[PDB]
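Here's a solo chain for you in structure tokens, the form deposited in one PDB entry.
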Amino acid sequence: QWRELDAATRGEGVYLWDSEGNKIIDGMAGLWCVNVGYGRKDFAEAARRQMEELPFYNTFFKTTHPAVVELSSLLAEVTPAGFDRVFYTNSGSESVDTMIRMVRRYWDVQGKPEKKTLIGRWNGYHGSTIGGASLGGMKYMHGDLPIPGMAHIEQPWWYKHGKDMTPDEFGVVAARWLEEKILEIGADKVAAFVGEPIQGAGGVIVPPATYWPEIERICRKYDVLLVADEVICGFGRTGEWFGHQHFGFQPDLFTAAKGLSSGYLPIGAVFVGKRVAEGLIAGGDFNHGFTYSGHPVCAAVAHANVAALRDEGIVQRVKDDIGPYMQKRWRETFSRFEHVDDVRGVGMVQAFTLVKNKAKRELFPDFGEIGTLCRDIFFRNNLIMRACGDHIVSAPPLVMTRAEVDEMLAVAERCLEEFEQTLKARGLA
């Protein structure tokens, strides 16, 4: 009946439940976002409390809503220095859209109305808004997109574009693709470069260690703003509070998604560095949001989420305990298989790639076909892992226990033992 109306039961910890009684291991944590796992009844209480006390705070008053002030203050403590001014929204997509406007408007204030082009990457994802889909580098997205002033460079995907280079060597090369694009367009027309510290929807593409430092060198060289999209890597996913902290680059601003509330309520934000912030304040355009922005109820729940991620040592636990454990076990489990390679990951994000031949580094034809097939197995065994093309990705709730990790891998191991079984059964060597 539910399927019928749709076409026209529970969650707790890292587990989900169906009406058939079967438990389900959610290795995706909703949409990369449910970082503290499900069943957080103190979040529900924080939401109720706020929706019964003050669910609104109107412009009429000089001040701003307490819960927002309280959230802004807590976030300042967990975010790196120079990000006191935050701009709240309802989603990561809206975050990206907003920062696209802030980026262009900033240069206007700086008396450089030519600097409007943002450079993204192919296979990069930055939301579903028109501007967001334009900044992204997905094909099946490209509403007459992209909009003007949007350019793209190739992604740091060593396995495919690495040739005979070492990852670190390929990191420099891949990063200098940006320099090439900048000189092609003209630095005076380039406003910013935007990238996920790790490409999420693109199949968890982890760039070499040399990549981001080189991207930053180039940005600073040509006076191009550096923007990180923490949509997925945000809030402990890599072990650090933010992806750009792990890879060691400092963006002028960055975008966050509902991971900020572990997906319990819709919310997002753009964190604006001092340099850019003073530019926007000098303009006066986004001053209304730096003050009045943020839905009270969502702020309250988001506050409790952040407070929990820090106070309960969930984030620190990813960097010290469960992260290193997940990476070692992930690599121990998937390195045996004949059609699995490029096993990768950091903190609580992992992935690998289904391949025809590991020796040749030969990918399967019709990139995506074999991935979906492997996904179907995962879904028959009540294990949720996502297939981005022929990439299998993982991103469970950060509070997952070592025991729960082994359990998940145990199931995943079966699925692949079967995957290669079906593979050879269909004649796909």
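Only residues modelled in both forms are compared. Start at 1 with the first residue shown and count on from there. We call the rigid core whatever largest set of C-alpha positions still superposes within 1.5 Å between the two forms.
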Does the deposited sequence hold unmodelled residues between residue 425 and residue 426, and if so, how many: none, 1 to 3, 4 to 9, or 10 or more?
-> none
Looking at the deposited sequence, how many residues between residue 142 and residue 143 were given no coordinates in the entry: none, 1 to 3, 4 to 9, or 10 or more?
-> 1 to 3
Averaging only over Cα atoms, indicate whether 164-172 or 197-205 has the higher B-factor in the PDB entry.
-> 164-172
Which of the two stretches, 273-281 or 176-184, shows the higher mean Cα temperature factor in the record?
-> 273-281
Top Cα B factor in the deposited entry, candidates 297, 359, 224, 233 | 359
So where's residue 401 on the chain's Cα temperature factor ranking, which third?
-> middle
Is the Cα B-factor recorded for residue 288 in the lowest, middle or highest third of its chain?
-> highest
Quick tally, chain-level thirds of C-alpha B-factors: residue 108 sits in the middle
Taking the values exactly as deposited, rank residue 368 by C-alpha B-factor within its chain and report the matching third: lowest, middle or highest.
-> middle
Within this chain, which third does the Cα B-factor at residue 334 fall in: lowest, middle or highest?
-> highest
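There is also a form deposited in another entry; it is not shown, and the following applies to it.
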Could you check which of 285, 108, 320, 84 shows a C-alpha shift of 2 Å or more between the shown form and the other one after a rigid core superposition?
-> 285
Can a Cα shift of no less than 2 Å be assigned to residue 360 between the shown form and the other one, given superposition on the rigid core?
-> no
Examine residue 41 after superposing the rigid core and state whether its CA is displaced by 2 Å or more between the shown form and the other one.
-> no
Determine, after fitting the two forms on their core, whether residue 380 shows a C-alpha shift of 2 Å or more between the shown form and the other one.
-> no
Closer or farther: how do the Cα atoms of residue 101 and residue 288 compare in the other entry relative to this form, given a change of at least 3 Å?
-> closer
Given a change of 3 Å or more, say if the Cα atoms of residue 290 and residue 266 sit closer or farther in the other entry than in this form.
-> closer
Displaced runs between the shown form and the other one (core superposition; 3 or more consecutive residues; every C-alpha shifted by 2 Å or more) cover 19-21, 56-64, 285-293
